[PDB]
$ cat model_35.cif   # mmCIF, C-alpha atoms and all ligand atoms
data_start
loop_
_atom_site.label_atom_id
_atom_site.label_comp_id
_atom_site.auth_asym_id
_atom_site.auth_seq_id
_atom_site.Cartn_x
_atom_site.Cartn_y
_atom_site.Cartn_z
CA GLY A 1 36.69 99.03 56.74
CA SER A 2 35.34 99.41 60.27
CA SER A 3 36.22 101.93 62.98
CA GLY A 4 34.54 101.31 66.32
CA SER A 5 34.92 103.14 69.62
CA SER A 6 34.29 101.86 73.15
CA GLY A 7 33.81 104.12 76.16
CA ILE A 8 30.56 105.06 77.88
CA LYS A 9 30.14 107.51 80.76
CA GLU A 10 28.09 105.91 83.53
CA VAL A 11 27.35 106.94 87.12
CA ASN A 12 26.59 104.84 90.20
CA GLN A 13 23.09 105.13 91.65
CA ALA A 14 21.75 103.84 94.97
CA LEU A 15 19.60 106.34 96.86
CA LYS A 16 18.58 105.21 100.34
CA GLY A 17 15.22 105.98 101.93
CA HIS A 18 15.27 106.82 105.64
CA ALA A 19 13.03 109.52 107.12
CA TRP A 20 10.63 109.36 110.07
CA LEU A 21 7.16 109.74 108.56
CA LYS A 22 3.62 108.84 109.62
CA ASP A 23 0.18 109.86 108.38
CA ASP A 24 -2.66 108.32 110.39
CA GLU A 25 -4.74 111.33 111.42
CA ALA A 26 -3.89 113.41 108.36
CA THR A 27 -0.74 114.94 109.86
CA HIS A 28 -0.13 116.78 106.59
CA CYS A 29 -1.99 117.62 103.38
CA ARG A 30 -2.42 115.01 100.65
CA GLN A 31 -1.47 117.39 97.85
CA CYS A 32 0.68 120.37 98.85
CA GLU A 33 2.31 118.36 101.64
CA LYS A 34 2.35 121.16 104.20
CA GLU A 35 2.22 121.07 108.01
CA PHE A 36 -1.29 121.82 109.24
CA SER A 37 -1.60 124.85 111.53
CA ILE A 38 -4.26 126.56 113.64
CA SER A 39 -4.84 129.20 110.96
CA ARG A 40 -4.59 126.60 108.20
CA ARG A 41 -7.56 124.44 109.20
CA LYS A 42 -8.58 121.32 107.27
CA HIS A 43 -11.41 120.82 104.77
CA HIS A 44 -13.24 117.53 104.22
CA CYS A 45 -14.13 117.32 100.53
CA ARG A 46 -17.66 116.25 99.59
CA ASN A 47 -16.75 114.32 96.45
CA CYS A 48 -13.48 112.47 97.09
CA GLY A 49 -13.98 112.92 100.82
CA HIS A 50 -10.34 113.46 101.77
CA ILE A 51 -8.28 115.73 104.02
CA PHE A 52 -6.92 118.97 102.57
CA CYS A 53 -5.83 122.48 103.58
CA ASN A 54 -7.31 125.90 102.81
CA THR A 55 -4.86 126.20 99.91
CA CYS A 56 -6.16 122.89 98.55
CA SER A 57 -9.83 123.72 99.12
CA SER A 58 -10.33 127.21 97.68
CA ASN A 59 -12.66 126.05 94.90
CA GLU A 60 -16.37 125.28 94.59
CA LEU A 61 -18.39 123.28 92.07
CA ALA A 62 -22.04 122.30 91.60
CA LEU A 63 -22.18 118.51 91.93
CA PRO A 64 -25.14 116.27 91.02
CA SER A 65 -25.27 115.10 94.64
CA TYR A 66 -25.90 118.49 96.25
CA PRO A 67 -28.27 121.24 95.03
CA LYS A 68 -25.71 124.03 95.41
CA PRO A 69 -21.94 124.13 94.78
CA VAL A 70 -19.94 123.26 97.90
CA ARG A 71 -16.27 123.59 98.81
CA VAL A 72 -14.20 120.99 96.95
CA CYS A 73 -10.51 120.24 96.46
CA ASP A 74 -8.30 121.15 93.50
CA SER A 75 -8.10 117.41 92.83
CA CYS A 76 -11.84 117.38 92.16
CA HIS A 77 -12.32 120.88 90.77
CA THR A 78 -9.76 120.62 87.97
CA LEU A 79 -10.69 116.98 87.36
CA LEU A 80 -14.43 117.59 87.01
CA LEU A 81 -13.49 120.55 84.82
CA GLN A 82 -11.36 118.37 82.55
CA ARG A 83 -13.75 115.42 82.50
CA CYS A 84 -16.73 114.19 80.47
CA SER A 85 -20.00 113.73 82.36
CA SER A 86 -22.78 112.83 79.92
CA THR A 87 -25.64 112.01 82.29
CA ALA A 88 -23.53 109.51 84.24
CA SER A 89 -25.62 108.24 87.15
ZN ZN A 101 -2.80 121.53 100.86
ZN ZN A 102 -11.97 116.34 96.36
#
$ encode --input "model_35.cif" --output "structure tokens" --more "lines below"
Ligand SMILES: [Zn+2]
Ligand SMILES: [Zn+2]
Amino acid sequence: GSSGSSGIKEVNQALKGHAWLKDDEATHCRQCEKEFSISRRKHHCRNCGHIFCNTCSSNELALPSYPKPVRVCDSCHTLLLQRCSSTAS
């Protein structure tokens, strides 16, 4: 014979988005998402060329553009570290 069973547990979902936000002059970091402060200055990457904080700029790497390793962002450091550059230029 056949013995079926109906009855599923579902939940309503409808999250609303409403929060004053604006990033024109790099109000906050583009990674950690933290409020910039006097002590926490900003750092303009040399590769990606973006705005980041000290926490997101505590790494250096020797790029093919510059002779010596400059201060880069974790987004570039880790990336370049987990990438494959076989004479790409
Ligand atoms: Zn940051
Ligand atoms: Zn970068």
$ residues_near_point --input "model_35.cif" --point "(-18.8, 114.2, 96.9)" --cutoff "10 Å" --atoms "only C-alpha atoms" --output "list in words"
residues 44, 45, 46, 47, 48, 49, 50, 63, 64, 65, 66, 70, 71, 72 and 76 of chain A
$ closest_atom_pairs --input "model_35.cif" --of "chain A" --to "ligand ZN 101 (chain A)" --cutoff "9 Å" --atoms "only C-alpha atoms and all ligand atoms" --output "Markdown table"
| residue | atom | partner | partner_atom | distance |
| --- | --- | --- | --- | --- |
| A:28 | CA | A:ZN101 | ZN | 7.9 |
| A:29 | CA | A:ZN101 | ZN | 4.7 |
| A:30 | CA | A:ZN101 | ZN | 6.5 |
| A:31 | CA | A:ZN101 | ZN | 5.3 |
| A:32 | CA | A:ZN101 | ZN | 4.2 |
| A:33 | CA | A:ZN101 | ZN | 6.1 |
| A:34 | CA | A:ZN101 | ZN | 6.1 |
| A:35 | CA | A:ZN101 | ZN | 8.7 |
| A:36 | CA | A:ZN101 | ZN | 8.5 |
| A:42 | CA | A:ZN101 | ZN | 8.6 |
| A:51 | CA | A:ZN101 | ZN | 8.6 |
| A:52 | CA | A:ZN101 | ZN | 5.1 |
| A:53 | CA | A:ZN101 | ZN | 4.2 |
| A:54 | CA | A:ZN101 | ZN | 6.6 |
| A:55 | CA | A:ZN101 | ZN | 5.2 |
| A:56 | CA | A:ZN101 | ZN | 4.3 |
| A:57 | CA | A:ZN101 | ZN | 7.6 |
| A:73 | CA | A:ZN101 | ZN | 9.0 |
$ atom_distance --input "model_35.cif" --atom1 "CA of residue 43 in chain A" --atom2 "CA of residue 58 in chain A"
9.6 Å
$ atom_distance --input "model_35.cif" --atom1 "CA of residue 39 in chain A" --atom2 "CA of residue 27 in chain A"
14.9 Å
$ closest_residue --input "model_35.cif" --among "A:5, A:75, A:12, A:89" --to "residue 61 in chain A" --atoms "all atoms listed in the file"
A:75
$ axis_aligned_box --input "model_35.cif" --around "range 9-27 of chain A" --padding-each-side "8 Å" --output "AutoDock Vina command-line options"
--center_x 12.7 --center_y 109.4 --center_z 96.1 --size_x 50.9 --size_y 27.1 --size_z 46.7
$ decode --input "model_35.cif" --residues "range 32-82 of chain A" --atoms "N, CA and C atoms" --output "mmCIF file, in the first residue's frame"
data_model
loop_
_atom_site.group_PDB
_atom_site.id
_atom_site.type_symbol
_atom_site.label_atom_id
_atom_site.label_comp_id
_atom_site.auth_asym_id
_atom_site.auth_seq_id
_atom_site.Cartn_x
_atom_site.Cartn_y
_atom_site.Cartn_z
ATOM 1 N N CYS A 32 37.225 45.989 7.087
ATOM 2 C CA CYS A 32 36.864 45.772 8.482
ATOM 3 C C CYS A 32 35.577 46.513 8.833
ATOM 4 N N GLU A 33 35.290 47.575 8.086
ATOM 5 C CA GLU A 33 34.090 48.370 8.319
ATOM 6 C C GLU A 33 34.125 49.017 9.700
ATOM 7 N N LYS A 34 35.171 49.796 9.955
ATOM 8 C CA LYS A 34 35.324 50.475 11.237
ATOM 9 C C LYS A 34 35.417 51.986 11.045
ATOM 10 N N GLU A 35 34.928 52.733 12.029
ATOM 11 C CA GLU A 35 34.957 54.191 11.966
ATOM 12 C C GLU A 35 36.388 54.710 12.062
ATOM 13 N N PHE A 36 36.794 55.497 11.071
ATOM 14 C CA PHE A 36 38.139 56.058 11.040
ATOM 15 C C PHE A 36 38.332 57.068 12.169
ATOM 16 N N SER A 37 39.503 57.027 12.797
ATOM 17 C CA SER A 37 39.812 57.933 13.897
ATOM 18 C C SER A 37 41.170 58.598 13.686
ATOM 19 N N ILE A 38 41.458 59.610 14.498
ATOM 20 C CA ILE A 38 42.722 60.328 14.403
ATOM 21 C C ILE A 38 43.906 59.371 14.477
ATOM 22 N N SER A 39 43.887 58.491 15.473
ATOM 23 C CA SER A 39 44.961 57.521 15.657
ATOM 24 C C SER A 39 44.956 56.486 14.536
ATOM 25 N N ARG A 40 43.762 56.124 14.080
ATOM 26 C CA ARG A 40 43.618 55.141 13.012
ATOM 27 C C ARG A 40 43.554 55.826 11.649
ATOM 28 N N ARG A 41 44.689 56.353 11.203
ATOM 29 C CA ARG A 41 44.762 57.035 9.917
ATOM 30 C C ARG A 41 44.422 56.083 8.775
ATOM 31 N N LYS A 42 44.408 56.609 7.556
ATOM 32 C CA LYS A 42 44.099 55.807 6.379
ATOM 33 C C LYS A 42 45.363 55.501 5.581
ATOM 34 N N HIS A 43 45.295 54.472 4.743
ATOM 35 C CA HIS A 43 46.434 54.077 3.923
ATOM 36 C C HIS A 43 45.995 53.782 2.491
ATOM 37 N N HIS A 44 46.515 54.557 1.545
ATOM 38 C CA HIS A 44 46.176 54.378 0.138
ATOM 39 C C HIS A 44 47.058 53.309 -0.502
ATOM 40 N N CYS A 45 46.477 52.138 -0.744
ATOM 41 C CA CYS A 45 47.210 51.033 -1.351
ATOM 42 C C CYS A 45 47.887 51.474 -2.645
ATOM 43 N N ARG A 46 48.903 50.725 -3.060
ATOM 44 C CA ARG A 46 49.636 51.038 -4.280
ATOM 45 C C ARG A 46 49.165 50.162 -5.438
ATOM 46 N N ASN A 47 48.644 48.985 -5.108
ATOM 47 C CA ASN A 47 48.158 48.054 -6.119
ATOM 48 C C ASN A 47 46.703 48.346 -6.473
ATOM 49 N N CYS A 48 45.796 47.983 -5.572
ATOM 50 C CA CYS A 48 44.371 48.205 -5.787
ATOM 51 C C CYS A 48 44.035 49.691 -5.709
ATOM 52 N N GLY A 49 44.845 50.437 -4.964
ATOM 53 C CA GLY A 49 44.617 51.864 -4.820
ATOM 54 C C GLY A 49 43.274 52.175 -4.191
ATOM 55 N N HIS A 50 43.063 51.681 -2.975
ATOM 56 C CA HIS A 50 41.810 51.910 -2.264
ATOM 57 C C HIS A 50 42.071 52.466 -0.868
ATOM 58 N N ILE A 51 40.999 52.796 -0.157
ATOM 59 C CA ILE A 51 41.114 53.338 1.192
ATOM 60 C C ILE A 51 40.998 52.236 2.238
ATOM 61 N N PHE A 52 41.942 52.216 3.175
ATOM 62 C CA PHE A 52 41.947 51.215 4.234
ATOM 63 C C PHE A 52 42.523 51.791 5.525
ATOM 64 N N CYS A 53 42.372 51.048 6.616
ATOM 65 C CA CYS A 53 42.876 51.482 7.913
ATOM 66 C C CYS A 53 44.183 50.773 8.254
ATOM 67 N N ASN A 54 44.818 51.203 9.341
ATOM 68 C CA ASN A 54 46.077 50.610 9.776
ATOM 69 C C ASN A 54 45.944 49.097 9.922
ATOM 70 N N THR A 55 44.801 48.656 10.439
ATOM 71 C CA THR A 55 44.546 47.234 10.633
ATOM 72 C C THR A 55 44.464 46.504 9.298
ATOM 73 N N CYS A 56 44.058 47.225 8.258
ATOM 74 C CA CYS A 56 43.937 46.645 6.925
ATOM 75 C C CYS A 56 45.048 47.150 6.010
ATOM 76 N N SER A 57 46.220 47.394 6.589
ATOM 77 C CA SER A 57 47.363 47.883 5.826
ATOM 78 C C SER A 57 48.668 47.597 6.561
ATOM 79 N N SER A 58 48.679 46.520 7.341
ATOM 80 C CA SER A 58 49.864 46.139 8.101
ATOM 81 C C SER A 58 50.618 45.013 7.402
ATOM 82 N N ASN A 59 50.750 45.125 6.084
ATOM 83 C CA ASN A 59 51.450 44.117 5.297
ATOM 84 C C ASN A 59 52.171 44.754 4.114
ATOM 85 N N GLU A 60 53.338 44.213 3.778
ATOM 86 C CA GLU A 60 54.128 44.730 2.666
ATOM 87 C C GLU A 60 54.492 43.613 1.693
ATOM 88 N N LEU A 61 54.618 43.966 0.418
ATOM 89 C CA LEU A 61 54.963 42.993 -0.614
ATOM 90 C C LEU A 61 55.716 43.661 -1.761
ATOM 91 N N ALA A 62 56.689 42.947 -2.317
ATOM 92 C CA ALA A 62 57.481 43.468 -3.424
ATOM 93 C C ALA A 62 56.758 43.280 -4.753
ATOM 94 N N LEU A 63 56.188 44.362 -5.271
ATOM 95 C CA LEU A 63 55.464 44.316 -6.536
ATOM 96 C C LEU A 63 56.398 44.606 -7.707
ATOM 97 N N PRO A 64 55.988 44.179 -8.911
ATOM 98 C CA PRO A 64 56.770 44.385 -10.133
ATOM 99 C C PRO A 64 56.811 45.849 -10.556
ATOM 100 N N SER A 65 55.901 46.646 -10.004
ATOM 101 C CA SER A 65 55.831 48.066 -10.328
ATOM 102 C C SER A 65 56.931 48.842 -9.610
ATOM 103 N N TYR A 66 57.040 48.631 -8.303
ATOM 104 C CA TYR A 66 58.049 49.311 -7.501
ATOM 105 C C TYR A 66 59.247 48.403 -7.246
ATOM 106 N N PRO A 67 60.417 49.018 -7.017
ATOM 107 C CA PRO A 67 61.659 48.284 -6.754
ATOM 108 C C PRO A 67 61.646 47.590 -5.398
ATOM 109 N N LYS A 68 61.125 48.281 -4.389
ATOM 110 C CA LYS A 68 61.051 47.729 -3.041
ATOM 111 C C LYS A 68 59.602 47.505 -2.624
ATOM 112 N N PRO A 69 59.398 46.608 -1.647
ATOM 113 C CA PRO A 69 58.062 46.284 -1.135
ATOM 114 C C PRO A 69 57.451 47.433 -0.341
ATOM 115 N N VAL A 70 56.276 47.883 -0.770
ATOM 116 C CA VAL A 70 55.585 48.978 -0.098
ATOM 117 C C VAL A 70 54.456 48.455 0.784
ATOM 118 N N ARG A 71 53.741 49.373 1.426
ATOM 119 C CA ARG A 71 52.635 49.006 2.300
ATOM 120 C C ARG A 71 51.368 48.737 1.492
ATOM 121 N N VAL A 72 50.899 47.494 1.534
ATOM 122 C CA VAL A 72 49.696 47.107 0.806
ATOM 123 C C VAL A 72 48.580 46.703 1.763
ATOM 124 N N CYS A 73 47.433 46.332 1.203
ATOM 125 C CA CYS A 73 46.287 45.923 2.006
ATOM 126 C C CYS A 73 46.164 44.401 2.042
ATOM 127 N N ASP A 74 45.490 43.892 3.067
ATOM 128 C CA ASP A 74 45.299 42.455 3.217
ATOM 129 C C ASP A 74 44.615 41.866 1.987
ATOM 130 N N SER A 75 43.847 42.696 1.289
ATOM 131 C CA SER A 75 43.135 42.256 0.095
ATOM 132 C C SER A 75 44.109 41.960 -1.041
ATOM 133 N N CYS A 76 45.262 42.620 -1.010
ATOM 134 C CA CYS A 76 46.281 42.430 -2.036
ATOM 135 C C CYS A 76 47.356 41.457 -1.561
ATOM 136 N N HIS A 77 47.753 41.594 -0.300
ATOM 137 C CA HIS A 77 48.775 40.727 0.277
ATOM 138 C C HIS A 77 48.385 39.259 0.135
ATOM 139 N N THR A 78 47.303 38.871 0.803
ATOM 140 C CA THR A 78 46.826 37.495 0.752
ATOM 141 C C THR A 78 46.587 37.048 -0.686
ATOM 142 N N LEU A 79 45.932 37.902 -1.465
ATOM 143 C CA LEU A 79 45.640 37.595 -2.861
ATOM 144 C C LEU A 79 46.917 37.244 -3.620
ATOM 145 N N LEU A 80 47.834 38.201 -3.697
ATOM 146 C CA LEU A 80 49.100 37.992 -4.393
ATOM 147 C C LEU A 80 49.809 36.747 -3.871
ATOM 148 N N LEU A 81 49.598 36.443 -2.594
ATOM 149 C CA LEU A 81 50.215 35.277 -1.973
ATOM 150 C C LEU A 81 49.550 33.989 -2.451
ATOM 151 N N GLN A 82 48.250 34.062 -2.711
ATOM 152 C CA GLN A 82 47.497 32.903 -3.176
ATOM 153 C C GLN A 82 47.135 33.045 -4.651
#
